[PDB]
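Below sits a lone chain in structure tokens, taken as the form deposited in one PDB entry.
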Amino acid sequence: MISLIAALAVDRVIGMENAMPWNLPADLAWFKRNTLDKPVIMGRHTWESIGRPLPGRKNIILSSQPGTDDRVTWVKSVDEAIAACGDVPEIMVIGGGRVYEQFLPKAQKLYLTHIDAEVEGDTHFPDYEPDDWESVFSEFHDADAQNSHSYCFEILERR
């Protein structure tokens, strides 16, 4: 099964010209909880944003240009990315925009963090149809001493 995991500001904003203007360690802990010991597929801009390989996960970079880091796996097609995951119960697609757009039709599950932030977006999560998805988990949190915005965790399963 292929799953997508993303953090969405209002209007499904996922990326901006520069780093996103929030500080959400609790969302990064949720990201880690749901990706640990699973292969993760990402695009090159997300790879640069993270800075280093994500620990405890097989890091696969989908890109048309050859790779510039030996600590991860570089693939050039969606099918090569999936084959590089081997035989695993769940593949995690972690963005960004174009990578979400390519993997959404194959995905059966979405892990979404909805962030109460009004920002002008550079890239957006795909306009999925909520009629077509079933929320099986939702958990709301206010901003606090460590987290700058209110956020809601959601898991959605393809109806």
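Only residues modelled in both forms are compared. Numbers follow the displayed sequence, beginning with 1. So that the term is clear: the rigid core is the largest set of C-alpha atoms that superpose within 1.5 Å between two forms.
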- Query: Once you work out the mean C-alpha B-factor for both 108 to 116 and 59 to 67 from the entry, which is higher?
  - Reply: 59 to 67
- Task: Compare the mean C-alpha B-factor of 46 to 54 with that of 25 to 33 as given in the PDB entry, and name the stretch with the higher value.
- Result: 46 to 54
- Quick tally, chain-level thirds of C-alpha B-factors: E139 sits in the lowest
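From this point on, the text means the form deposited in another entry, which you will not see here.
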- Task: Would you say whether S138 is displaced between this form and the one not shown, judging by a C-alpha shift of 2 Å or more on the superposed rigid core?
- Result: no
- Query: Just checking, between this form and the one not shown and with the core aligned, does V10 shift 2 Å or more at the CA?
  - Reply: no
- Message: Taking the rigid core as the reference frame, tell me whether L24 has a CA displacement of 2 angstroms or more between this form and the one not shown.
- Response: no
- Message: Where exactly does the backbone move between this form and the one not shown? Looking for runs of 3+ consecutive residues, each with a CA shift of 2 angstroms or more after core alignment.
- Response: 16 to 23
